There are 2 protein chains.
Amino acid sequence: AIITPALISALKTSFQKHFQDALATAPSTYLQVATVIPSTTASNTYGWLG
Amino acid sequence: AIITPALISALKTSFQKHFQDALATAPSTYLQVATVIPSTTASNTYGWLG
């Protein structure tokens, strides 16, 4: 006649991490639509002739 | 010739086991819809991070 706190609830229970980091995020797709340009200062300026 | 119909008429037979295992049962399928998580106590508690 063990008291409920020390029962299947807590005393008899094993922790498992099968659900961890299983639901993923949508795959990255920004490369297909955008291109990467590096920078090394506060801003970047672009110019073309015509 | 003449004989009781409970000895010869009963023993003039050849038992065969063709009918055994003639049919089958539906194949296992729960693998395609479930994973197997072994347990070592009364219950298993699961926890994952957000």
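Chain identifiers are assigned alphabetically (A, B, ...) following the order of the sequence lines, protein sequences preceding nucleic acid strands; residue numbering begins at 1 within each chain. FYI, side chains are in, hydrogens and waters are out, and symmetry mates aren't considered; it's all heavy atoms of this structure.
- Counting all heavy atoms, side chain and backbone alike, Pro38(A) lies closest to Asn44(A) at O-ND2, 3.4 Å.
- Here the shortest heavy-atom pairing between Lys12(A) and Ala42(B) reads CB-CB, 3.5 Å.
- By the 4.5 Å heavy-atom criterion applied to side chains, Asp21(A) and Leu49(B) are not counted as neighbours.
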For the pair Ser14(A) and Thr41(B), evaluate side chain to side chain donor-acceptor pair (under 3.5 Å) and give the outcome as yes or no after the intermediate values.
-> CA-CA 6 Å; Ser14(A) 176; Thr41(B) 191; over 6 Å; no
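- Every residue meeting the side-chain contact (heavy atoms from CB on, under 4.5 Å) condition with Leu7(B), not counting sequence neighbours, appears here in chain and number order: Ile3(B), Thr4(B), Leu11(B).
- No more than 12 heavy atoms of other residues, nucleotides or ligands sit less than 6.0 Å from atom CG of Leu23(A).
- The line from CD1 of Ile2(A) to CD1 of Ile8(A) is 11.0 Å long, rounded to the nearest 0.5 Å.
- Closest non-hydrogen pair, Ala10(A) versus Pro5(A), comes out as CB-O, 3.3 Å.
- Heavy atoms from other residues, nucleotides or ligands lying under 6.0 Å from NZ of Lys17(A) number 12 at most.
- Two residues are said to be in side-chain contact when any heavy atoms from C-beta on lie closer than 4.5 Å; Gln16(A) and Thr40(B) fail this criterion.
- No more than 12 heavy atoms of other residues, nucleotides or ligands sit less than 6.0 Å from atom CZ of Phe15(B).
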After noting the C-alpha distance and the side-chain angles of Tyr46(A) and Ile37(A), does the key distance pass the side-chain contact (heavy atoms from CB on, under 4.5 Å) rule?
-> CA-CA 11 Å; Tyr46(A) 312 85; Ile37(A) 306 172; 4.0 Å; yes
